[PDB]
Structures are given as structure tokens and as C-alpha cells.
Amino acid sequence: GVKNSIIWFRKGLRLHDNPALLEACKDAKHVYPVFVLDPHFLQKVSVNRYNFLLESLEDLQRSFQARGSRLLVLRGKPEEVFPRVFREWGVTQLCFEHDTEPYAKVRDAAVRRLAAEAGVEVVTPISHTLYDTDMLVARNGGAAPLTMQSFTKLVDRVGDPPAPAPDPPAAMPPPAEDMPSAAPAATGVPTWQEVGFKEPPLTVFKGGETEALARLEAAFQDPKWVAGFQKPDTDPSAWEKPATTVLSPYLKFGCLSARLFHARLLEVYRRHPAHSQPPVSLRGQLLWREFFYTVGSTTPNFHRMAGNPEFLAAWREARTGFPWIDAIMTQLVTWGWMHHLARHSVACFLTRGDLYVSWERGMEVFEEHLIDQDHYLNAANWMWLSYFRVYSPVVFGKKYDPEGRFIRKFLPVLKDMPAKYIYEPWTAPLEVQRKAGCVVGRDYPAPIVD
Ligand SMILES: Cc1cc2c(cc1C)N(C[C@H](O)[C@H](O)[C@H](O)COP(=O)(O)OP(=O)(O)OC[C@H]1O[C@@H](n3cnc4c(N)ncnc43)[C@H](O)[C@@H]1O)c1[nH]c(=O)[nH]c(=O)c1N2
């Protein structure tokens, strides 16, 4: 006789542009905001990324409490928890954002069956991508386009992505009182210590929808920078103020709506007729993401499109002996984010013909440490790898940073090396090494390859 609904967060960790949340609140006597956390994640995942998620859930908790509700972090597996709470809470509707990843399809199909057995309606809107990816494939005749230029042609044919959804109401229907499965002590957001991590996170990027919107506003503080953006011309050695938006972790977890980002770019583009165009523009960057999601989700053998241990270990542990390479690998572990062309440098130095190895092994290392780790974006970018015309990937940074400021920041052992040798410290006169307190082979390794 009443509507009791669940809004289930997996991605889409936001209140803004959340059509699943708007549906669950409509005409609802009680709404249960749920995140399902697998407590036994022990089995691979850096504390930096997991803490980013926890911070994002803490932000959601604060947002829901401001509106008379709270987030319920349920422990267990969705297939076991949901049948119990469907009956306990008298649920009539279950809402959640659509997800096209492989595991998500298996998980969501099972939950859809359990909902039907309990008489629960399921509503799953598209809001993680700009477009309904299935719709794009259908309008392309039933096959995903295979080049960026062709893909940009198709979306231009389709038109603008949908507008961001309205903000939710200032007050929300709360969960019912004294429901055993909603008890606060069993449903709070845990800390990185409580989930089992021993080392603290070191990244400088904080999770959550609130920080995402703050960072988006900062990127749009200069419309001329947004209008003139060209990805290949940005500086990979810029760390104090990165040369790109660093919105990737926020888009990965859904703290930031891709649709809101796109709408804001078109606002700026209307007033700047000479703005950059795809693929180098900031809109092009969003379209790279959409392109790889579309191809990845509709391609069965997606990982097969691109056709010894010691070299990988040195690369993994930032001891290759090339300061530019080791500095980036240090940024990976410490920040979990590096500029696109820094990612290119270490990836080419690993796969494009310096250490050979297999690109899959390099992806595994990225998958552990990147805070923007994305099943589709990580793999696709490794394969699309297969710029250094003058500067080889091992001294690439010298073009932008002849003094080696980036290297000195992340490899402080080299902080007193004269700039003439900071990219090739093995060339320094051996008394220069002594003076700088950095002897090659003692304080910093010699190059691992001739
Ligand atoms: C080896 C390797 C591995 C990865 C990636 C590249 C390479 C070469 N990338 C892509 C890229 O390096 C990354 O998206 C940016 O460095 C993120 O920086 P900004 O958010 O400042 O991007 P910037 O502000 O330039 O772009 C804005 C947004 O567009 C998207 N975007 C930009 N460049 C992209 C690209 N090349 N491919 C797809 N989407 C792109 C992202 O959503 C990004 O947040 C990736 N990206 C990611 O989100 N998760 C990942 O796990 C990886 N892994």
C-alpha cells in the first residue's frame, strides 16, 4: 500500500545528475540509500584508491544527513543481503545506475531475478556515460565504430548528450525506524584502518562529490584555458599545478557527472568560437572515455585486440636508473595519478621496445595503484599505445623541465645533482656525484639497460 524504495550506489557516488535517486524518492514513504561493501576484500588494491572510495562515501553520508536521511553501508554480498532487506523493509522499488562492466552485468542480472521473486520493481537509468552506449551501437548499424574520428562522427550525428538531471529535493524520505538491518553500528562508513590496511594513503587528491565540483569550478575559472585546451601540448612535468584537470578519479567513481562536465564545456564553447575541437580539446577527452567504454562494453574479446621478470620488477619498484622514468613510477605509487604523457613515457619504456615484456603486466601494476583505475580506460590505452622524435621516453621530461624540478620532487636523492646531469646522472663527473651526495650504484642505481 506504500512505496518503500532502495537507491543502491555502486558508481554514481553523487547527488547531482542522479536519475536513479530521483526515481526512488518520487512518492516514496521510505527511501533506503545503500552501498554494499564486501568486508572480505582480502584475496591487489592500493590504500590510495580504497581510501578515495571511503572518502567518497563519507561525503555522501554528509549530504544525506543534511537532507534528513543517512547512507546505509551494508556488509556482505548483494545477492545475499538484498532478499533479506526486501522483506524486512517491505520494499517495492529498487533503483540503481546502469553499469556496463563485465562483472556488473552478472551481478545485476542476479539481483534483478531476486527483485522479481519479491515483487520489487527495478529501474536502471543510464548516467555513468554521456550516452546510452547500446543506442549508439544500434545507430551505427549494430557495430561500435573502431576509430576516434568515426566515433566523433557518430556522436555528432546523434546530437548532444542528455542534460544533467535536476538536483534532488532538500528533504528526503528517511529509512524506517528500528529496522534491524539499518542499525547504525552495522551500517557506518569504515576507515582505511578498519578495512585492514596497514600503510596510510599518501595521495593529495581527496574523494567525494564535493571535492569533484570544487575541482570542476577551478578548471572553469579561466574560460580561455578551457576553450584553447589541447591535450598534446600540456606539460607532463607540472606537479605543483598539474597541466590537466585531474578529474579522472572523480569521473571513474561517479563523484562527477560526465553529463554535467559536457554541458559546462558547451557553455564555454558557445562564447569562444575559436575553441579547440576534438580529439585534442577537453570535450575530446570526454569523448576518448566514451569511445573506449562503447568499444569495450560491446566487444567480446576486448583484451585480445593487441595480439624477463627482472625488467618488470625494476620498472615496478622505480629503480630503472632513468630519473624521469623512476620519478613517474614514484608518482604512480604515491599519488595514484600521473599526467597522460607521463603514463605514455613509462608505458612505452616498458612495452614499445625498451624492456619489451607484455603490456598486460604493465596494466596490472596500473590497476593496483591508479586512483582513476577504470577497467575500460586502462586496458584500451595500453593497446592503443602500439612523440619521442627528438627526446626518447627516457629523457622526455628534459624538453619541458631542463632543471629537473619534477625529478627532484619525487626522487629527493637527486635534489642536489646539477641540472646538466639530472636526467643522465651516470654521466656526471664522479666528483660531482660525491659533492651531490648521489653516487651512481650506491645511492641511485645505474641504468638497467645499455
Ligand atoms: C597506459 C595508460 C593508462 C591509462 C590511461 C592512459 C594511458 C596511456 N588513462 C588515460 C589518461 O592518461 C587519463 O584519463 C588522464 O591522465 C587523466 O588526467 P585528467 O583527469 O587531468 O585528464 P584531462 O583533464 O586531460 O581529461 C579529462 C577527462 O577525460 C577523460 N580522458 C582524458 N584522457 C583520456 C584518455 N586518454 N582515455 C580515456 N579517457 C580520457 C578522463 O575521464 C579525464 O578525467 C586512464 N584514464 C582513466 O580515466 N583511467 C585509467 O585507468 C587510465 N589508464
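Each ligand, and each atom within it, is numbered from 1 in the order the structure gives. Residue indices begin at 1 and follow the sequence shown. The basis for the numbers below is simple: all heavy atoms, side chains too, and nothing from hydrogens, waters or symmetry mates.
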Of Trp382, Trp288, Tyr293, the one whose closest heavy atom lies nearest atom 34 (C) of ligand 1 is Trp288
Note: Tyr131 and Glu290 closest approach over all heavy atoms is N-OE2, 2.8 Å
Which of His98, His128, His375 passes ring pair (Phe, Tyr, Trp, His ring centres under 6.0 Å) with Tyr293? Answer is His128
Honestly, for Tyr250 the part within reach of ligand 1 (heavy atoms, under 4.0 Å) is neither
for atom 36 (N) of ligand 1, nearest protein heavy atom and its distance come out as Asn381 OD1, 3.1 Å
Exercise. Applying a strict 4.0 Å limit to heavy atoms, is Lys231 in contact with ligand 1?
Worked result: yes
At under 4.0 Å between heavy atoms, what of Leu370 touches ligand 1? The answer is side chain
Could you tell me how the ring of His303 sits relative to the ring of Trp359: parallel (under 30°), tilted (30 to 60°) or perpendicular (over 60°)?
tilted
Can the ring centroids of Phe388 and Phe396 be said to lie less than 6.0 angstrom from one another?
-> yes
With respect to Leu247, determine whether any N or O atom, backbone or side chain, lies less than 3.5 Å from an N or O atom of ligand 1. yes
closest protein heavy atom to atom 30 (C) of ligand 1 is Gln285 O, 3.3 Å
- Message: Less than 3.5 Å apart, any donor N or O on the side chain of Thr244 or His340 sitting next to an acceptor on the other?
- Response: no
Note: ligand 1 atoms sitting under 4.0 Å from heavy atoms of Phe366 are 1 (C), 2 (C), 3 (C)
At under 4.0 Å between heavy atoms, what of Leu251 touches ligand 1? The answer is side chain
Note: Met338, heavy atoms under 4.0 Å from ligand 1, region reported as backbone
### Message
Walk me through whether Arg319 and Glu310 qualify under salt bridge (charged side-chain N to carboxylate O under 4.0 Å, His left out).
### Response
CA-CA 11 Å; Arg319 58 177 166 83; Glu310 181 38 304; 3.6 Å; yes
Closest to atom 21 (O) of ligand 1 among protein heavy atoms sits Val246 N, 2.5 Å
